[PDB]
>>> print(open('entry-v2.csv').read())   # CSV, C-alpha atoms and all ligand atoms
chain,number,residue,atom,x,y,z
O,458,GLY,CA,179.6,92.1,86.1
O,459,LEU,CA,181.3,89.0,84.5
O,460,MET,CA,179.2,86.3,86.3
O,461,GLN,CA,176.6,85.1,83.7
O,462,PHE,CA,174.2,82.1,84.3
O,463,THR,CA,174.3,79.1,81.8
O,464,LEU,CA,171.7,76.3,81.4
O,465,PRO,CA,172.2,72.7,80.2
O,466,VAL,CA,171.9,72.6,76.3
O,467,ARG,CA,168.3,71.2,76.2
O,468,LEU,CA,167.0,73.9,78.7
O,469,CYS,CA,169.1,76.8,77.0
O,470,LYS,CA,167.2,75.9,73.7
O,471,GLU,CA,163.7,75.0,75.0
O,472,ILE,CA,163.5,78.0,77.5
O,473,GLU,CA,163.0,80.3,74.4
O,474,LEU,CA,159.8,78.4,73.4
O,475,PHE,CA,156.4,79.4,74.9
O,476,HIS,CA,155.6,75.7,75.8
O,477,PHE,CA,158.7,75.2,78.0
O,478,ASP,CA,158.1,73.2,81.2
O,479,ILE,CA,160.5,74.2,84.1
O,480,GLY,CA,160.7,70.6,85.3
O,481,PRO,CA,160.5,68.8,88.7
O,482,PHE,CA,163.9,70.0,90.3
O,483,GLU,CA,162.8,72.9,92.6
O,484,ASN,CA,166.5,73.8,93.3
O,485,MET,CA,167.0,74.8,89.6
O,486,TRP,CA,163.9,77.3,89.4
O,487,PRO,CA,165.8,80.3,90.9
O,488,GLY,CA,168.7,79.9,88.4
O,489,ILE,CA,166.1,79.6,85.6
O,490,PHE,CA,164.4,82.9,86.8
O,491,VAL,CA,167.8,84.8,87.0
O,492,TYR,CA,168.8,83.6,83.5
O,493,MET,CA,165.5,85.0,82.2
O,494,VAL,CA,166.0,88.3,84.0
O,495,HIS,CA,169.6,88.6,82.7
O,496,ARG,CA,168.6,87.9,79.0
O,497,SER,CA,165.3,90.0,79.2
O,498,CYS,CA,166.7,93.0,81.0
O,499,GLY,CA,170.6,92.8,81.0
O,500,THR,CA,173.1,91.5,83.7
O,501,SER,CA,173.3,95.2,85.1
O,502,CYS,CA,169.6,95.9,86.0
O,503,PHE,CA,169.7,94.0,89.4
O,504,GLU,CA,172.5,93.4,92.0
O,505,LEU,CA,172.8,89.5,91.9
O,506,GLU,CA,173.0,89.1,95.8
O,507,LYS,CA,169.8,91.3,96.4
O,508,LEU,CA,168.0,89.5,93.6
O,509,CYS,CA,168.9,86.0,95.0
O,510,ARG,CA,167.8,87.1,98.5
O,511,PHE,CA,164.5,88.6,97.1
O,512,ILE,CA,163.8,85.3,95.1
O,513,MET,CA,164.3,83.1,98.2
O,514,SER,CA,162.0,85.3,100.4
O,515,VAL,CA,159.3,85.2,97.6
O,516,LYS,CA,159.6,81.4,97.5
O,517,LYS,CA,159.4,81.2,101.4
O,518,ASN,CA,156.0,83.2,101.2
O,519,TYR,CA,154.4,80.8,98.6
O,520,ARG,CA,152.4,78.0,100.4
O,521,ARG,CA,152.3,74.2,99.9
O,522,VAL,CA,149.0,74.1,97.9
O,523,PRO,CA,148.4,71.9,94.8
O,524,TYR,CA,148.4,74.6,92.0
O,525,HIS,CA,148.9,78.3,93.3
O,526,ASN,CA,152.4,77.5,94.5
O,527,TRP,CA,156.1,78.5,93.7
O,528,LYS,CA,156.1,76.3,90.5
O,529,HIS,CA,153.1,78.3,89.2
O,530,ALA,CA,155.0,81.6,90.0
O,531,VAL,CA,158.1,80.6,88.0
O,532,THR,CA,155.9,79.1,85.2
O,533,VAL,CA,153.9,82.4,84.9
O,534,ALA,CA,157.2,84.4,84.9
O,535,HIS,CA,158.6,82.1,82.1
O,536,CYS,CA,155.5,82.8,79.9
O,537,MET,CA,156.1,86.6,80.4
O,538,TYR,CA,159.8,86.0,79.4
O,539,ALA,CA,158.7,84.3,76.2
O,540,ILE,CA,156.3,87.2,75.4
O,541,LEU,CA,159.0,89.9,76.1
O,542,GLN,CA,161.7,88.1,74.0
O,543,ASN,CA,159.3,87.8,71.0
O,544,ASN,CA,158.3,91.5,71.3
O,545,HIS,CA,161.8,92.9,72.1
O,546,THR,CA,161.4,96.5,70.9
O,547,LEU,CA,157.8,97.1,72.3
O,548,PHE,CA,158.6,97.5,76.1
O,549,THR,CA,160.6,100.0,78.2
O,550,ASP,CA,163.5,98.9,80.5
O,551,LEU,CA,161.3,99.5,83.6
O,552,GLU,CA,158.5,97.4,82.1
O,553,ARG,CA,160.9,94.4,81.4
O,554,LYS,CA,162.3,94.7,85.0
O,555,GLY,CA,158.8,95.1,86.6
O,556,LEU,CA,156.7,92.5,84.7
O,557,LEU,CA,159.0,89.5,85.5
O,558,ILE,CA,158.9,90.5,89.2
O,559,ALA,CA,155.1,91.0,89.0
O,560,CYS,CA,154.7,87.4,87.6
O,561,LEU,CA,157.0,85.9,90.3
O,562,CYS,CA,155.0,87.7,93.1
O,563,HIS,CA,151.5,87.6,91.5
O,564,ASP,CA,150.1,84.8,93.8
O,565,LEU,CA,152.2,85.5,97.0
O,566,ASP,CA,150.7,83.8,100.1
O,567,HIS,CA,147.8,82.1,98.2
O,568,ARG,CA,145.9,79.5,100.3
O,569,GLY,CA,144.1,77.9,97.3
O,570,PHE,CA,140.7,79.7,97.9
O,571,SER,CA,139.0,82.1,95.4
O,572,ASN,CA,137.8,85.7,96.3
O,573,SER,CA,134.2,84.2,96.4
O,574,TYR,CA,135.1,81.8,99.3
O,575,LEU,CA,136.9,84.6,101.3
O,576,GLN,CA,133.7,86.7,101.0
O,577,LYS,CA,131.3,83.8,102.0
O,578,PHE,CA,133.8,82.8,104.8
O,579,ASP,CA,133.9,86.5,105.9
O,580,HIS,CA,137.7,86.5,105.9
O,581,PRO,CA,139.4,89.7,107.3
O,582,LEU,CA,141.1,90.3,103.9
O,583,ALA,CA,137.5,90.6,102.4
O,584,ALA,CA,136.9,93.5,104.9
O,585,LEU,CA,140.3,95.2,104.0
O,586,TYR,CA,139.6,94.8,100.2
O,587,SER,CA,136.0,94.3,98.9
O,588,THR,CA,137.2,93.7,95.2
O,589,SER,CA,140.3,91.8,93.9
O,590,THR,CA,140.7,90.6,97.5
O,591,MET,CA,143.6,88.1,97.1
O,592,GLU,CA,145.2,90.3,94.4
O,593,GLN,CA,145.6,93.3,96.7
O,594,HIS,CA,146.9,90.9,99.3
O,595,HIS,CA,149.5,89.5,96.7
O,596,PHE,CA,150.7,93.1,96.0
O,597,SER,CA,151.0,94.1,99.8
O,598,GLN,CA,153.0,90.8,100.3
O,599,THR,CA,155.3,92.1,97.4
O,600,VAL,CA,155.8,95.5,99.0
O,601,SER,CA,156.5,93.8,102.4
O,602,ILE,CA,159.3,91.7,100.9
O,603,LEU,CA,160.7,94.7,98.9
O,604,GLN,CA,161.0,96.5,102.3
O,605,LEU,CA,163.0,93.7,104.2
O,606,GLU,CA,166.7,94.7,104.7
O,607,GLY,CA,169.0,93.7,101.7
O,608,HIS,CA,165.9,93.0,99.5
O,609,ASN,CA,165.5,96.4,97.6
O,610,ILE,CA,166.3,95.1,94.0
O,611,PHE,CA,165.2,98.6,92.8
O,612,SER,CA,167.7,100.5,95.1
O,613,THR,CA,169.5,102.3,92.1
O,614,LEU,CA,166.2,103.7,90.7
O,615,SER,CA,165.2,107.4,91.5
O,616,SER,CA,162.2,108.0,93.8
O,617,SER,CA,160.3,108.7,90.5
O,618,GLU,CA,161.3,105.5,88.7
O,619,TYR,CA,160.9,103.3,91.8
O,620,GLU,CA,157.2,104.7,92.0
O,621,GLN,CA,156.6,103.9,88.3
O,622,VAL,CA,157.9,100.3,88.5
O,623,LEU,CA,155.8,99.6,91.7
O,624,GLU,CA,152.8,101.1,89.8
O,625,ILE,CA,153.5,98.7,86.8
O,626,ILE,CA,153.7,95.8,89.4
O,627,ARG,CA,150.5,96.8,91.2
O,628,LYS,CA,148.4,97.1,88.0
O,629,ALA,CA,149.9,93.8,86.7
O,630,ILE,CA,149.2,91.9,89.9
O,631,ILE,CA,145.6,93.3,90.1
O,632,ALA,CA,145.0,92.3,86.4
O,633,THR,CA,145.4,88.6,87.4
O,634,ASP,CA,141.9,88.9,88.9
O,635,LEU,CA,140.1,87.0,86.2
O,636,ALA,CA,136.8,88.9,87.1
O,637,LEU,CA,138.6,92.0,85.6
O,638,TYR,CA,139.8,90.1,82.4
O,639,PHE,CA,136.3,90.0,80.6
O,640,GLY,CA,135.8,93.8,80.3
O,641,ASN,CA,139.6,94.3,79.7
O,642,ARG,CA,139.6,92.0,76.7
O,643,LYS,CA,136.2,93.4,75.5
O,644,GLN,CA,137.7,97.0,75.5
O,645,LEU,CA,141.0,95.9,73.8
O,646,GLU,CA,138.9,94.0,71.1
O,647,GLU,CA,136.9,97.3,70.4
O,648,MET,CA,140.1,99.5,70.3
O,649,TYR,CA,141.9,97.0,67.9
O,650,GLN,CA,138.8,96.8,65.6
O,651,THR,CA,138.1,100.6,65.3
O,652,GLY,CA,142.0,101.1,65.0
O,653,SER,CA,142.0,103.5,68.1
O,654,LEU,CA,144.5,101.2,70.0
O,655,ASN,CA,147.6,103.4,70.6
O,656,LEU,CA,150.6,102.0,72.6
O,657,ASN,CA,151.8,105.6,73.5
O,658,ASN,CA,148.5,106.1,75.5
O,659,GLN,CA,149.6,104.9,79.0
O,660,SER,CA,145.9,103.7,79.7
O,661,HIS,CA,146.1,101.5,76.5
O,662,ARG,CA,149.5,100.1,77.6
O,663,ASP,CA,148.0,99.3,81.0
O,664,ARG,CA,145.2,97.3,79.3
O,665,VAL,CA,147.7,95.4,77.0
O,666,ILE,CA,149.9,94.6,80.0
O,667,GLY,CA,146.7,93.5,81.8
O,668,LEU,CA,145.9,91.0,79.0
O,669,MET,CA,149.6,89.7,78.9
O,670,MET,CA,149.2,89.0,82.7
O,671,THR,CA,146.0,87.0,82.0
O,672,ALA,CA,147.8,85.1,79.1
O,673,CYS,CA,150.8,84.3,81.4
O,674,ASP,CA,148.5,83.3,84.3
O,675,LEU,CA,146.4,80.8,82.1
O,676,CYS,CA,149.6,79.5,80.3
O,677,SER,CA,148.9,75.9,81.6
O,678,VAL,CA,146.3,75.7,78.7
O,679,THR,CA,149.2,76.5,76.2
O,680,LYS,CA,151.6,73.7,77.1
O,681,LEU,CA,151.9,70.3,75.2
O,682,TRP,CA,148.9,68.1,76.1
O,683,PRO,CA,150.7,65.8,78.6
O,684,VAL,CA,151.7,68.9,80.7
O,685,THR,CA,148.2,70.5,80.3
O,686,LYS,CA,146.5,67.3,81.4
O,687,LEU,CA,148.7,66.7,84.5
O,688,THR,CA,148.4,70.4,85.6
O,689,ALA,CA,144.5,70.1,85.3
O,690,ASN,CA,144.7,67.5,88.2
O,691,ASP,CA,146.4,70.2,90.4
O,692,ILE,CA,143.9,72.9,89.5
O,693,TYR,CA,140.9,70.7,90.3
O,694,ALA,CA,142.5,69.4,93.6
O,695,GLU,CA,142.3,73.1,94.8
O,696,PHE,CA,138.7,73.6,93.3
O,697,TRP,CA,137.4,70.4,95.0
O,698,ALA,CA,139.0,71.4,98.4
O,699,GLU,CA,137.2,74.8,98.1
O,700,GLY,CA,134.0,73.0,97.2
O,701,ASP,CA,134.4,70.9,100.4
O,702,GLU,CA,134.9,74.3,102.3
O,703,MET,CA,131.7,75.7,100.7
O,704,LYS,CA,129.7,72.5,101.8
O,705,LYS,CA,131.1,73.2,105.4
O,706,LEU,CA,129.6,76.7,105.3
O,707,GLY,CA,126.1,75.2,104.3
O,708,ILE,CA,126.4,76.2,100.5
O,709,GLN,CA,126.2,73.8,97.6
O,710,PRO,CA,129.3,74.6,95.5
O,711,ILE,CA,129.1,75.3,91.7
O,712,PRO,CA,129.6,71.9,90.0
O,713,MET,CA,133.2,72.8,88.8
O,714,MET,CA,134.2,72.8,92.6
O,715,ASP,CA,132.1,69.7,93.5
O,716,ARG,CA,134.3,66.5,93.7
O,717,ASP,CA,131.1,64.5,93.5
O,718,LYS,CA,130.7,65.8,89.8
O,719,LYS,CA,134.2,64.9,88.4
O,720,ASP,CA,132.4,63.3,85.4
O,721,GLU,CA,131.6,67.0,84.3
O,722,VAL,CA,135.3,68.1,84.2
O,723,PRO,CA,136.0,67.5,80.4
O,724,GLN,CA,132.9,69.5,79.4
O,725,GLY,CA,133.9,72.1,82.1
O,726,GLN,CA,137.3,72.5,80.4
O,727,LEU,CA,135.6,72.7,76.9
O,728,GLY,CA,133.5,75.6,78.4
O,729,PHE,CA,136.6,77.4,79.8
O,730,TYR,CA,138.6,77.2,76.5
O,731,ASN,CA,135.5,78.5,74.5
O,732,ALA,CA,134.6,81.3,77.0
O,733,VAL,CA,138.0,82.3,78.5
O,734,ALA,CA,141.2,80.9,77.0
O,735,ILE,CA,140.6,81.1,73.2
O,736,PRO,CA,139.2,84.7,73.3
O,737,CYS,CA,142.2,85.7,75.6
O,738,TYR,CA,144.9,84.3,73.2
O,739,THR,CA,142.9,85.4,70.1
O,740,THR,CA,142.8,89.1,71.2
O,741,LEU,CA,146.5,88.8,72.5
O,742,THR,CA,147.6,87.6,69.0
O,743,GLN,CA,145.7,90.4,67.3
O,744,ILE,CA,147.7,93.0,69.4
O,745,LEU,CA,151.0,91.1,69.6
O,746,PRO,CA,151.3,88.9,66.5
O,747,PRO,CA,154.5,87.0,67.7
O,748,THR,CA,152.4,85.4,70.6
O,749,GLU,CA,150.6,83.3,67.9
O,750,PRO,CA,152.1,80.0,69.2
O,751,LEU,CA,150.1,80.5,72.5
O,752,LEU,CA,146.8,80.6,70.5
O,753,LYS,CA,147.9,77.6,68.4
O,754,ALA,CA,148.8,75.5,71.4
O,755,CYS,CA,145.5,76.5,73.1
O,756,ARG,CA,143.5,75.3,70.1
O,757,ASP,CA,145.5,72.0,70.1
O,758,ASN,CA,144.5,71.4,73.8
O,759,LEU,CA,140.8,72.4,73.0
O,760,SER,CA,140.9,69.6,70.4
O,761,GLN,CA,142.5,67.2,73.0
O,762,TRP,CA,139.6,67.9,75.5
O,763,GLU,CA,137.1,67.2,72.6
O,764,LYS,CA,138.8,63.8,72.1
O,765,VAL,CA,138.4,63.1,75.9
O,766,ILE,CA,134.6,63.8,75.7
O,767,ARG,CA,134.2,61.6,72.6
O,768,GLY,CA,135.9,58.7,74.5
O,769,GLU,CA,139.0,58.8,72.2
O,770,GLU,CA,141.3,58.9,75.4
Z,801,LIG,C1,135.0,85.4,87.9
Z,801,LIG,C2,135.3,84.0,88.1
Z,801,LIG,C3,135.9,83.1,87.2
Z,801,LIG,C4,136.0,81.9,87.8
Z,801,LIG,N1,136.6,80.8,87.3
Z,801,LIG,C5,137.9,80.6,87.0
Z,801,LIG,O1,138.7,81.5,87.3
Z,801,LIG,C6,138.3,79.4,86.3
Z,801,LIG,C7,137.6,78.3,85.9
Z,801,LIG,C8,138.4,77.3,85.3
Z,801,LIG,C9,138.4,76.0,84.7
Z,801,LIG,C10,137.1,75.2,84.5
Z,801,LIG,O2,136.1,76.2,84.1
Z,801,LIG,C11,134.8,75.8,84.1
Z,801,LIG,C12,133.9,76.7,83.5
Z,801,LIG,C13,132.6,76.4,83.5
Z,801,LIG,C14,132.2,75.2,84.0
Z,801,LIG,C15,133.2,74.3,84.6
Z,801,LIG,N2,134.5,74.6,84.6
Z,801,LIG,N3,139.6,75.6,84.3
Z,801,LIG,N4,140.4,76.6,84.7
Z,801,LIG,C16,141.8,76.6,84.4
Z,801,LIG,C17,142.3,75.7,83.5
Z,801,LIG,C18,143.6,75.7,83.1
Z,801,LIG,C19,144.5,76.7,83.6
Z,801,LIG,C20,144.0,77.6,84.5
Z,801,LIG,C21,142.7,77.6,84.9
Z,801,LIG,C22,139.7,77.7,85.3
Z,801,LIG,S1,140.0,79.2,86.1
Z,801,LIG,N5,135.4,82.0,89.0
Z,801,LIG,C23,135.2,81.0,90.1
Z,801,LIG,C24,134.0,81.4,91.0
Z,801,LIG,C25,136.5,81.0,91.0
Z,801,LIG,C26,135.0,79.6,89.5
Z,801,LIG,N6,135.0,83.3,89.2
Z,802,MG,MG,145.9,84.8,91.5
Z,803,ZN,ZN,148.3,82.8,89.1
>>> encode(input="entry-v2.csv", output="structure tokens")
Amino acid sequence: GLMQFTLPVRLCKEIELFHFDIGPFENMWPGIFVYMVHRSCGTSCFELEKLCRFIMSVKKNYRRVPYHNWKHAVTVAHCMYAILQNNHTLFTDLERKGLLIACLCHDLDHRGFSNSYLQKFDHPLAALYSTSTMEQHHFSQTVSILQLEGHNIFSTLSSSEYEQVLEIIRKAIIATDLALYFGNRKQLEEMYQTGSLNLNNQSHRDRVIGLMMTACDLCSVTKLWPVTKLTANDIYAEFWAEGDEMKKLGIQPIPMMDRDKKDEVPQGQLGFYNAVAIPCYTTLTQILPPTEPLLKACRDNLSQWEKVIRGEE
């Protein structure tokens, strides 16, 4: 009960900001995640020994890939933490509990290949799940770890509540399928415009949680420019490896994934900010006004990519 986590002074201050970077010391990331759960949820909501065992099994089941790794998991969870702390009264105790777990687990056992590549490869997972292929794999990896001995962090919930939180976690993990984002943001835009958006309608909540999951997942585009720029190397290292794997199947990859067309990267980023990121953080800010800093930092990075194109860095 009386065993609270502390951070060094700089981290204790900067962890509250949306643009926090968790740093290069892997061995601090678990303690950072627990601190976030304790302040977002209470020191009571999880048994520390089960939580710690859960965290280390989740880490063990992330792979050594350039971008979709353990650091991305904790980074995505930190963005969710920033959102929840800035919208303190909007979310139930179960939602606070579930969403941080969802973010830590959202890319479990990722191998750095898109749903498209699994389909063209004819991967067994694509036969099991025709849509959101990796995302249904990420959720079933989460259930697996929750069912290991000593790992049920939800042990003290009723059958009913346990089922609700696993249902919040499933929808949250599925929503990280960016193919689903486009329609989800379109629907929320319409509902906010006509004033029909209602946070007591469970199907409206689900959509808003869906958009938060996209916002946390893309949060690399909302860091300070030097972090955004270095993370972009990791993202493209996976894209180019997938492009190589397409070429091995006898398929010219889209130019984004072609390491022969690296010259097109800055214009590709410009495309992605205009088509995906800016609309995402725009609609999110309309619904949750305190998330404004995410939109502002996204516009800043858009401006920095325009400077790269115009040869100004
Ligand atoms: C339905 C869907 C959607 C997507 N594409 C994507 O998911 C992404 C694209 C990008 C880019 C660059 O985008 C562009 C856009 C057009 C031309 C060149 N490049 N940067 N980041 C990024 C940047 C920062 C942080 C996270 C992600 C992302 S995530 N696919 C594929 C088939 C997997 C590509 N299928
Ligand atoms: Mg994913
Ligand atoms: Zn992700």
>>> closest_residue(input="entry-v2.csv", among="O:759, O:754, O:636, O:565", to="residue 728 of chain O", atoms="only C-alpha atoms")
O:759
>>> closest_residue(input="entry-v2.csv", among="O:483, O:663, O:720, O:749", to="ligand LIG 801 (chain Z)", atoms="only C-alpha atoms and all ligand atoms")
O:720
>>> residues_near_ligand(input="entry-v2.csv", ligand="ligand LIG 801 (chain Z)", cutoff="7 Å", atoms="all atoms listed in the file", output="list in words")
residues 571, 573, 635, 636, 675, 676, 677, 678, 689, 692, 712, 713, 722, 725, 726, 728 and 729 of chain O
>>> atom_distance(input="entry-v2.csv", atom1="atom CA of residue 752 of chain O", atom2="atom CA of residue 474 of chain O")
13.5 Å
>>> closest_atom_pairs(input="entry-v2.csv", of="chain O", to="ligand MG 802 (chain Z)", cutoff="9 Å", atoms="all atoms listed in the file", output="CSV")
residue,atom,partner,partner_atom,distance
O:525,CA,Z:MG802,MG,7.4
O:563,CA,Z:MG802,MG,6.3
O:564,CA,Z:MG802,MG,4.8
O:565,CA,Z:MG802,MG,8.4
O:567,CA,Z:MG802,MG,7.5
O:571,CA,Z:MG802,MG,8.4
O:591,CA,Z:MG802,MG,6.9
O:592,CA,Z:MG802,MG,6.3
O:595,CA,Z:MG802,MG,7.9
O:630,CA,Z:MG802,MG,8.0
O:631,CA,Z:MG802,MG,8.6
O:633,CA,Z:MG802,MG,5.6
O:634,CA,Z:MG802,MG,6.3
O:635,CA,Z:MG802,MG,8.2
O:674,CA,Z:MG802,MG,7.8
>>> residues_around(input="entry-v2.csv", residues="segment 617-625 of chain O", least_positions_apart="3", cutoff="9 Å", atoms="only C-alpha atoms", output="PDB file with C-alpha atoms, in the coordinates of the input")
ATOM      1  CA  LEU O 551     161.300  99.500  83.600  1.00  0.00           C
ATOM      2  CA  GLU O 552     158.500  97.400  82.100  1.00  0.00           C
ATOM      3  CA  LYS O 554     162.300  94.700  85.000  1.00  0.00           C
ATOM      4  CA  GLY O 555     158.800  95.100  86.600  1.00  0.00           C
ATOM      5  CA  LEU O 556     156.700  92.500  84.700  1.00  0.00           C
ATOM      6  CA  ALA O 559     155.100  91.000  89.000  1.00  0.00           C
ATOM      7  CA  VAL O 600     155.800  95.500  99.000  1.00  0.00           C
ATOM      8  CA  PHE O 611     165.200  98.600  92.800  1.00  0.00           C
ATOM      9  CA  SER O 612     167.700 100.500  95.100  1.00  0.00           C
ATOM     10  CA  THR O 613     169.500 102.300  92.100  1.00  0.00           C
ATOM     11  CA  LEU O 614     166.200 103.700  90.700  1.00  0.00           C
ATOM     12  CA  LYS O 628     148.400  97.100  88.000  1.00  0.00           C
ATOM     13  CA  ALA O 629     149.900  93.800  86.700  1.00  0.00           C
ATOM     14  CA  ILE O 630     149.200  91.900  89.900  1.00  0.00           C
ATOM     15  CA  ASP O 663     148.000  99.300  81.000  1.00  0.00           C
ATOM     16  CA  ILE O 666     149.900  94.600  80.000  1.00  0.00           C
TER      17      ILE O 666
END
>>> closest_residue(input="entry-v2.csv", among="O:603, O:561, O:537, O:755", to="residue 472 of chain O", atoms="all atoms listed in the file")
O:537
>>> residues_around(input="entry-v2.csv", residues="residue 698 of chain O", least_positions_apart="6", cutoff="9 Å", atoms="all atoms listed in the file", output="JSON, numbers by chain")
{"O": [569, 570, 714, 715, 716]}
>>> residues_around(input="entry-v2.csv", residues="residue 498 of chain O", least_positions_apart="6", cutoff="12 Å", atoms="all atoms listed in the file", output="PyMOL selection string")
chain O and resi 490-492+538+541-542+545-546+548-558
>>> write_last_selection(input="entry-v2.csv", atoms="C-alpha atoms", output="PDB file, in the frame of the given file")
ATOM      1  CA  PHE O 490     164.400  82.900  86.800  1.00  0.00           C
ATOM      2  CA  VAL O 491     167.800  84.800  87.000  1.00  0.00           C
ATOM      3  CA  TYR O 492     168.800  83.600  83.500  1.00  0.00           C
ATOM      4  CA  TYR O 538     159.800  86.000  79.400  1.00  0.00           C
ATOM      5  CA  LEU O 541     159.000  89.900  76.100  1.00  0.00           C
ATOM      6  CA  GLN O 542     161.700  88.100  74.000  1.00  0.00           C
ATOM      7  CA  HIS O 545     161.800  92.900  72.100  1.00  0.00           C
ATOM      8  CA  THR O 546     161.400  96.500  70.900  1.00  0.00           C
ATOM      9  CA  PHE O 548     158.600  97.500  76.100  1.00  0.00           C
ATOM     10  CA  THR O 549     160.600 100.000  78.200  1.00  0.00           C
ATOM     11  CA  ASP O 550     163.500  98.900  80.500  1.00  0.00           C
ATOM     12  CA  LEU O 551     161.300  99.500  83.600  1.00  0.00           C
ATOM     13  CA  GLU O 552     158.500  97.400  82.100  1.00  0.00           C
ATOM     14  CA  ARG O 553     160.900  94.400  81.400  1.00  0.00           C
ATOM     15  CA  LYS O 554     162.300  94.700  85.000  1.00  0.00           C
ATOM     16  CA  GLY O 555     158.800  95.100  86.600  1.00  0.00           C
ATOM     17  CA  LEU O 556     156.700  92.500  84.700  1.00  0.00           C
ATOM     18  CA  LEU O 557     159.000  89.500  85.500  1.00  0.00           C
ATOM     19  CA  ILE O 558     158.900  90.500  89.200  1.00  0.00           C
TER      20      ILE O 558
END
>>> atom_distance(input="entry-v2.csv", atom1="atom CA of residue 461 of chain O", atom2="atom CA of residue 495 of chain O")
7.9 Å
>>> closest_residue(input="entry-v2.csv", among="O:684, O:536, O:582, O:460", to="ligand ZN 803 (chain Z)", atoms="all atoms listed in the file")
O:536
>>> residues_around(input="entry-v2.csv", residues="residue 610 of chain O", least_positions_apart="3", cutoff="9 Å", atoms="all atoms listed in the file", output="PyMOL selection string")
chain O and resi 502-505+507-508+511+603+607+613
>>> atom_distance(input="entry-v2.csv", atom1="atom CA of residue 727 of chain O", atom2="atom CA of residue 572 of chain O")
23.5 Å
>>> residues_around(input="entry-v2.csv", residues="residue 647 of chain O", least_positions_apart="6", cutoff="12 Å", atoms="all atoms listed in the file", output="PyMOL selection string")
chain O and resi 640-641+653-654+661+740+743-744
>>> residues_near_point(input="entry-v2.csv", point="(168.8, 80.8, 92.4)", cutoff="9 Å", atoms="only C-alpha atoms", output="ChimeraX atom specification")
/O:484-491,508-510,512-513
>>> closest_residue(input="entry-v2.csv", among="O:656, O:637, O:562, O:703", to="residue 599 of chain O", atoms="only C-alpha atoms")
O:562
>>> closest_residue(input="entry-v2.csv", among="O:589, O:709, O:501, O:532", to="ligand ZN 803 (chain Z)", atoms="all atoms listed in the file")
O:532
>>> decode(input="entry-v2.csv", residues="segment 702-732 of chain O", atoms="C-alpha atoms", output="PDB file, in the first residue's frame")
ATOM      1  CA  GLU O 702      10.296  -8.877 -48.986  1.00  0.00           C
ATOM      2  CA  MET O 703       7.710  -7.699 -51.618  1.00  0.00           C
ATOM      3  CA  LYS O 704      10.467  -7.758 -54.312  1.00  0.00           C
ATOM      4  CA  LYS O 705      11.276 -11.371 -53.215  1.00  0.00           C
ATOM      5  CA  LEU O 706       7.583 -12.364 -53.866  1.00  0.00           C
ATOM      6  CA  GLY O 707       7.819 -10.851 -57.426  1.00  0.00           C
ATOM      7  CA  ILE O 708       5.902  -7.602 -56.546  1.00  0.00           C
ATOM      8  CA  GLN O 709       7.212  -4.030 -57.086  1.00  0.00           C
ATOM      9  CA  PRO O 710       6.551  -2.383 -53.689  1.00  0.00           C
ATOM     10  CA  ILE O 711       4.749   1.004 -53.353  1.00  0.00           C
ATOM     11  CA  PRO O 712       7.542   3.674 -53.443  1.00  0.00           C
ATOM     12  CA  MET O 713       7.226   4.424 -49.643  1.00  0.00           C
ATOM     13  CA  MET O 714       8.594   0.845 -49.045  1.00  0.00           C
ATOM     14  CA  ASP O 715      11.261   0.976 -51.841  1.00  0.00           C
ATOM     15  CA  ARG O 716      14.781   1.716 -50.433  1.00  0.00           C
ATOM     16  CA  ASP O 717      15.778   2.636 -54.057  1.00  0.00           C
ATOM     17  CA  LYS O 718      13.384   5.700 -53.725  1.00  0.00           C
ATOM     18  CA  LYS O 719      14.679   7.262 -50.398  1.00  0.00           C
ATOM     19  CA  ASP O 720      14.740  10.676 -52.225  1.00  0.00           C
ATOM     20  CA  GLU O 721      10.837  10.599 -52.100  1.00  0.00           C
ATOM     21  CA  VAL O 722      10.747  10.260 -48.217  1.00  0.00           C
ATOM     22  CA  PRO O 723      10.311  13.985 -47.275  1.00  0.00           C
ATOM     23  CA  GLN O 724       7.428  14.412 -49.808  1.00  0.00           C
ATOM     24  CA  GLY O 725       5.999  11.065 -48.495  1.00  0.00           C
ATOM     25  CA  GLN O 726       6.028  12.473 -44.915  1.00  0.00           C
ATOM     26  CA  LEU O 727       4.357  15.732 -46.184  1.00  0.00           C
ATOM     27  CA  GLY O 728       1.635  13.467 -47.742  1.00  0.00           C
ATOM     28  CA  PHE O 729       1.192  11.508 -44.459  1.00  0.00           C
ATOM     29  CA  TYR O 730       0.882  14.695 -42.258  1.00  0.00           C
ATOM     30  CA  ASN O 731      -1.695  16.230 -44.715  1.00  0.00           C
ATOM     31  CA  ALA O 732      -3.722  12.995 -45.249  1.00  0.00           C
TER      32      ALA O 732
END
